[PDB]
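I have placed the structure first, in the form of structure tokens, so that the comments after it can refer back to it.
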Amino acid sequence: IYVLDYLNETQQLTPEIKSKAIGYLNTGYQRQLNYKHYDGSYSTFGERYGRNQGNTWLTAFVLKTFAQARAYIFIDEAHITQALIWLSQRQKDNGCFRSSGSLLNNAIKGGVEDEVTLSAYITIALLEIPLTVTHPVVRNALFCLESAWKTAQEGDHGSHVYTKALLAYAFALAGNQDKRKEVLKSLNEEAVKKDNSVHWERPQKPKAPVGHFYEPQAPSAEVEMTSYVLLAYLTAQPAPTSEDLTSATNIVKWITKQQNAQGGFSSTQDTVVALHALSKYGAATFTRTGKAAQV
Amino acid sequence: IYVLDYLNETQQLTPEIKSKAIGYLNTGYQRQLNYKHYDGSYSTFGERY
Amino acid sequence: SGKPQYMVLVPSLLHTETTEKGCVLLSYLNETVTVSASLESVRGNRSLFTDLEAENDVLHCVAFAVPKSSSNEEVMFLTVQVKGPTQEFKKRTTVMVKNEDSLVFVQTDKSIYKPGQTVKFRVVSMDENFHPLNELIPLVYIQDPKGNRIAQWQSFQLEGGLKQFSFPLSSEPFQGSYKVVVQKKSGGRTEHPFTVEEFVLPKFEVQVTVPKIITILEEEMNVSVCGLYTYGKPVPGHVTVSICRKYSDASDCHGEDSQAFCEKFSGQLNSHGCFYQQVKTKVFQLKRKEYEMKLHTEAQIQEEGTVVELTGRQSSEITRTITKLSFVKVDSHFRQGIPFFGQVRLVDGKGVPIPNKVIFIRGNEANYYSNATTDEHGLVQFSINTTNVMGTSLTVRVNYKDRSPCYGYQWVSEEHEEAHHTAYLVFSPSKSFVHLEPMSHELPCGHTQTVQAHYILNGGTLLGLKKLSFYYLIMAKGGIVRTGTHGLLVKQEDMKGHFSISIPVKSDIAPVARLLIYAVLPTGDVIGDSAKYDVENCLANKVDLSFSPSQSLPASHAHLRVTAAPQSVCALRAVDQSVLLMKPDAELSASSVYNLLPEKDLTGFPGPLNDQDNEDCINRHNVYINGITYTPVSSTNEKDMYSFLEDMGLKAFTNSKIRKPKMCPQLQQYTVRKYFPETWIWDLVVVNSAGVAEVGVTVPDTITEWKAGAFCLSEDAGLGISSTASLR
Amino acid sequence: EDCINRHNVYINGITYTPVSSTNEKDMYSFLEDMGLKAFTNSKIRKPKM
Ligand SMILES: *[C@@H]1O[C@H](CO)[C@@H](O[C@@H]2O[C@H](CO)[C@@H](O[C@@H]3O[C@H](CO)[C@@H](O)[C@H](O)[C@@H]3O)[C@H](O)[C@H]2NC(C)=O)[C@H](O)[C@H]1NC(C)=O
Ligand SMILES: *[C@@H]1O[C@H](CO)[C@@H](O[C@@H]2O[C@H](CO)[C@@H](O[C@@H]3O[C@H](CO)[C@@H](O)[C@H](O)[C@@H]3O)[C@H](O)[C@H]2NC(C)=O)[C@H](O)[C@H]1NC(C)=O
Ligand SMILES: *[C@@H]1O[C@H](CO)[C@@H](O)[C@H](O)[C@H]1NC(C)=O
Ligand SMILES: *[C@@H]1O[C@H](CO)[C@@H](O)[C@H](O)[C@H]1NC(C)=O
Ligand SMILES: *[C@@H]1O[C@H](CO)[C@@H](O)[C@H](O)[C@H]1NC(C)=O
Ligand SMILES: *[C@@H]1O[C@H](CO)[C@@H](O)[C@H](O)[C@H]1NC(C)=O
Ligand SMILES: *[C@@H]1O[C@H](CO)[C@@H](O)[C@H](O)[C@H]1NC(C)=O
């Protein structure tokens, strides 16, 4: 879906590959339907038996993906609605969503599985759908986000990067321009700026005994978080400003330079959100009509 | 499909059942795709061998 | 003193375009409370807000209204917010709203029509409460059978809660079953059939008598035939009764007669009285392979040669299960600290009690093997002191765990029912509880009633206060209806048990009457239980019909009287009961209006909404057992307060421990001029403040029954259904 | 012969739970690994159900 978006936004698209991708989308969509739950949740296997319970993160991923798919191909609103009520059911009055761990591998998930990060990813997936901030779920979620950002800001460490980035994106979608600029400033303070671009890594190297190789329990999630920061900077109510676009250009340069020759990026999460951010950047900057620039 | 056609031609149709049938059509379509042949033909089982 | 307490109760299935009540309970320090419920439609944006001031230990019930929705059936997010000067609480869930359809029905002036006649029918509409509702109906039509619809009326609006229509059928109408169909705005449809054919008016009806239920151990059978006539007088003639057993050894296809053994008895229906006959069921072979009993009686009335047939006792149940005992007051739950007493009835076959007969009550998981005996009423009240494990199984038998005669021969049809029942104990973290001794039964109406309650308080209030309280709700019609409270100066530190409750049964209560009661303890603890009273099918608006009496000879002066509300309307259908003598009407009674209702009783949350899970996972590294060995983990299976309110049909938001502390699963994974007959009166009449009285015209040469059906309606009291005064 | 297995484990408290075999050292095992054997009435072995 995000590949289709990148191609359409860049105008580098043909109807042949479009039809091919359409067929792939329909097939994968139904195959995913083959793993949902009776209530509307999702899991690794699920269907063909009921001796399991769904996962939350996976359901959110399905929700976001189905939303964009709805943007291009036809889909049933009943499924997104069911997933939405399910997530709301798995939410707490004060606390945030619970991580109903039923996954197979953490590589697919580009996060640290922290309840705050999970809740943030959820609410951003919700806000990606056109949903009013006065809505209940997003209200409680915003309370969680505000509290988590407050504790992570006053404290010397709140993971220092991933959280703050996703929080910034969420705040940007809500409308709290002030909170957006504040957390964004906090992020910019801990910059990993290079010769002609800028970016952010994990806490420069993980402190505790870590490593050995293969990204064990830590997929590096650098492309995804950087793209999240990008998408945040690119969001505003009237239209974005200029400064945010400059920083966006920097990180975009880093992103395109980080691409993989085999295709995509290091994983699925990063490729998805990265292409999403690039698509929005194209929708903002690139214009198929504007063709008479004089400098 | 022909049921949808009968309803649309007779005007006795609502968007709810329309969406329901659309989902059924897509599902049955893919399930049928699960039985075609490599050349494009069709059989009872076919695929997976 | 203790923790502050709040509690909001609301049904799960909400109806629109009307009012529905929800209750709230508040108490304990920092009482300047403000509660607010917000029902919001998630997808898109919809919001219905409601507020209410809240004080100490008050159970106030507010009636919020809901208007129509865009879609038909849809879920919604209900969020309750409690704000105290120094406290706050918020809890939400998924409430299912439904654009319910009204309960509409049809009534015809006749059941069977002949060519050239005018079909007259009435359309009635109503809501859950039976207060008449005015409405613009999109469609009502009469249809011929080929789908060649015979008549059609569009967009008419009901005003007095009903509307009457008429359609003159022709001289050469299509014959068969026709049908009246009404279509409501919601897309809903309702069908009321009626037939059109030729027929002669019968001046008599056969009425036979045979056991409604014939069983295995039967050597003979009583049979009788009596024929009612004009004014129910006796009729002389001949009778041919064909008592029969149906579905024999024959194949039953193209050459074999399905008809099994038949016995034909000829009787001479005398001048006075009726005919009797004692038959022997030896020829029927009332055993394993042969089927049911159809009795086709055919009476031939003299001087006309008119034969009429009646199909009786087809379902005489040759039941392999004999001595089928019973139960009556078998409690579904128990407690590990109480003597529960279950009342059990024992009957056999047809339904007659068996007196002075030894029986055995076996209680497994409690080791209660005892003997008892069937008294004059075949009732036995057995009590068991419960201090045992989770589930108790109770059975009762008069024979033993096997069919005494030839059980497994593959060619026998004898059996004996075994009373079986299972009961679960309630959960009680405080070790205190309530249990009602109900009059679980056919509750009357228009009367008071007392239900007794047993409270076993293990220490009762730990610190709390002196006054403790109980709050009860008698809910109905998938909603609520009545509420109330009660409290008591608790004993200092013991488990005091007896206290009764009183409630009126005037009306406004479905056949089902779900009563629940819960007592709150200031320590953040609560207890409670349920009960079932199958209310008698009676209506709110009392109604009755009378008449200036039966008198022969067409003297027009005759009267009909009706008693109902002081300002109402009444649909009167006085029918010359000749066609009605032939074929009956179509389910016109209180029970009909009741079963037409949508979801008579609400039990269990509806389908779409699943639940409201929690997060309190108590899974230890290992179950932590010191002693003989360590133990693994496993889920429990016992009733709970949350389950009480779930089976009740509603939902609630609280803070106290309601649900059982269920643990999260394992994370680890891999002089006369004939008038029109077959009818008499069909009209509407106004009811003044003293009962209406119409003067009907006694008609000539129409000697049959005269069923007078009264269907009244009043905006204040509701509808009314009163009997068939047969001014013969 | 000591079999303390109840019908249901009789696990009072918040919930019930099944039985299982333990895994811990015992005096009987101390004397077993010691090499010798002894006759005594006291509670030496664990009450294995
Ligand atoms: C790819 O996605 C775009 C959505 O961005 C699909 O629509 C094209 O979208 C642009 C806006 O993004 C439309 O532009 C409009 O032009 C009018 C003047 O004609 C202007 O007033 C509007 O403000 C807006 O700029 C454009 O009309 C629209 N359709 C086109 C180009 O045919 C696009 O269809 C997608 N590509 C596909 C389906 O191949
Ligand atoms: C149902 O099937 C029809 C095809 O039969 C789909 O297209 C509809 O076709 C009708 C003609 O059969 C269109 O009516 C047209 O009206 C114009 C004047 O406005 C007239 O000049 C044309 O000759 C023709 O009569 C109609 O516009 C068109 N769309 C409709 C009916 O909405 C229709 O889309 C199908 N509907 C479904 C599948 O929901
Ligand atoms: C809410 O729904 C109504 C329904 O007509 C719509 O008019 C309105 O724009 C929506 N938003 C708000 C904030 O009311
Ligand atoms: C309100 O309730 C709290 C909770 O226990 C209690 O401690 C306090 O005394 C009450 N009054 C206040 C906070 O003014
Ligand atoms: C049947 O009729 C006989 C007399 O004919 C009578 O004594 C008996 O009580 C009746 N009822 C039965 C046998 O159930
Ligand atoms: C059951 O016990 C009672 C004594 O309590 C005894 O009289 C009776 O005979 C016993 N049952 C039978 C079938 O004898
Ligand atoms: C019921 O019998 C049990 C036997 O364990 C006894 O403990 C209990 O006291 C008896 N019931 C009453 C009310 O005493």
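So for chain A, numbering is Swiss-Prot's, and the shown residues are 984-1278, in order.
Going by what the header records, the deposited coordinates were determined by electron microscopy, 3.6 Å.
For all residues, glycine too, the Cβ spot is worked out from N, Cα and C.
Here is what Swiss-Prot records for this protein:
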type: DISULFID; residues: A:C1079-A:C1127; note: disulfide bond
type: CARBOHYD; residues: A:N991; note: N-linked glycosylation site
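Everything Swiss-Prot records as a feature, shown here on the structure.
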| residue | record | CB count, 10 Å |
| --- | --- | --- |
| A:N991 | N-linked glycosylation site | 15 |
| A:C1079 | disulfide bond | 24 |
| A:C1127 | disulfide bond | 22 |
A:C1127 (disulfide bond) to A:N991 (N-linked glycosylation site): how many Å between their Cα atoms?
36
Integer Å distance between the CA atoms belonging to A:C1079 (disulfide bond) and A:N991 (N-linked glycosylation site)
36
